[PDB]
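Here's a solo chain for you in structure tokens, the form deposited in one PDB entry.
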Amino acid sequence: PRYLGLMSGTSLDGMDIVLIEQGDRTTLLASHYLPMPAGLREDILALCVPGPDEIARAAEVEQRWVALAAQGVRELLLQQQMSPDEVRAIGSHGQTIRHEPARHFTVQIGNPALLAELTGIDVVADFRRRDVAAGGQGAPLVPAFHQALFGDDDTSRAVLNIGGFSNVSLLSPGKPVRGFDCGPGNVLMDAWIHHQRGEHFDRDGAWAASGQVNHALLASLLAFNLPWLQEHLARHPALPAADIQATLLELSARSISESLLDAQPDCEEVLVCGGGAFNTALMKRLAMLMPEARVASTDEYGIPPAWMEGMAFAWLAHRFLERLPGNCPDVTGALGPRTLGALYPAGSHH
């Protein structure tokens, strides 16, 4: 069947909307990105730390969030010439405003009943809560999807997501999935080029590629934001800005490769998703630093790297409806496998 997925991460830049076909395999049919208004971003951020009148405030904020998500769905369906009746369900992550598994709770807003009302499509949402109820951390949820896509009996694979930070799913045959953070991804390269050039990121890693790595600075870094970095830059002589960028690229490449090889030395394939997959200069370094592995974008395996996360939530909607587990308890720490999410039906037919 066909499923929509909606993901809005913690950076609050915007919402990913995806349409998948799910059968034997998972395939991306269409995708759509919608920016988040400054006002909505600011209002969500203010809910991410304790404050006054949170119940009412969250209620007003989630209504705007859902309206935006619904518009995003509408536009994708218009582009695809698809009726909402052709979509089995939307898997919506919602928007995390508090995550405290040590206190046994996780809070994602995004009024799924309202989302069902506005879209006319069944909504599956609230995926993390059952994992936390079963004693897990409620995160990360993507490794179960990584396993469904890429796990097999025969190959040691690492599925590497390079966003602001880097995280990996280790798919070792005959074993359960493992997952951990590898280190920084794009976070410092973004911050540096912003501080220096006003750009939000370094396109294709071209700026970095134009500079030369400074090995002294690199050693200091290996031994994450700007105040931290500035404290480092003061300890070294003035460097050209591009050399700093080149050095920051190498930091991520080395931190990732070192963490990956330490945990899975026999790794045969590293499959890279997230926006970092588009940083050509970074992909180049990762491949040089892991010469015994094939390092490639997930695009080469039929999953476009920018849309992996959104696709996971579409997939989680499918898992719910099929009553199959959606978590990976070895990674989340839950007592065992659980069906994740809650169903808010459109019910258009009355």
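Numbers for residues come from their place in the sequence shown, where the first is 1. Rigid core (definition): largest C-alpha set, two forms, superposition within 1.5 Å.
message = Gap size between residue 223 and residue 224, counting deposited residues with no coordinates: none, 1 to 3, 4 to 9, or 10 or more?
response = The entry has a long gap there, with 10 or more residues left out between residue 223 and residue 224.
inquiry  = Tell me which stretch has the larger mean Cα B-factor in this entry, 338-346 or 324-332.
reply    = Looking at the recorded C-alpha B-factors, 324-332 comes out higher on average.
Residue range whose averaged C-alpha B-factor is higher in the record, 50-58 or 307-315 = Stretch with the greater average CA B-factor: 50-58.
query = In this PDB entry, which of 253, 238, 144, 118 has the top CA B-factor?
reply = Among 253, 238, 144, 118, the highest C-alpha B-factor in the entry belongs to 238.
ask   = Quick one: which of 124, 158, 82, 229 has the biggest Cα B-factor according to the entry?
value = Reading the PDB entry, the winner on C-alpha B-factor is 229.
Third of chain Cα B-factors occupied by residue 136 = For residue 136, whose C-alpha B-factor we compare with every modelled residue in the chain, the answer is the middle third.
ask   = Where does residue 175 sit by CA temperature factor within its chain: lowest, middle or highest third?
value = As the PDB entry reports it, the C-alpha B-factor of residue 175 lands in the highest third of its chain.
task = Within this chain's modelled residues, let me know which third the CA B factor of residue 68 belongs to: lowest, middle or highest.
result = As the PDB entry reports it, the C-alpha B-factor of residue 68 lands in the lowest third of its chain.
request  = Looking at the entry's B-factor column for C-alpha atoms only, identify whether residue 95 ranks in the lowest, middle or highest third of its chain.
outcome  = It belongs to the lowest third of the chain when residues are ordered by C-alpha B-factor.
query = Would the CA B-factor of residue 183 place it in the lowest, middle or highest third of its chain?
reply = It falls in the top third of the chain.
Same protein, other form: the form deposited in another entry, not shown, and the subject of what follows.
Residue among 249, 73, 142, 121 whose Cα moves 2 Å or more between the shown form and the other one, once the rigid core is superposed = Single residue meeting the criterion: 249.
ask   = Does the distance between the two CA positions of residue 107 reach 2 Å or more between the shown form and the other one, the core being superposed?
value = Stays below the 2 Å threshold, so no.
ask   = 2 Å or more on the CA of residue 276 between the shown form and the other one, with the rigid core superposed, yes or no?
value = Indeed, residue 276 is displaced by 2 Å or more.
key: C-alpha of residue 204 moved at least 2 Å between the shown form and the other one on rigid core   = Indeed, residue 204 is displaced by 2 Å or more.
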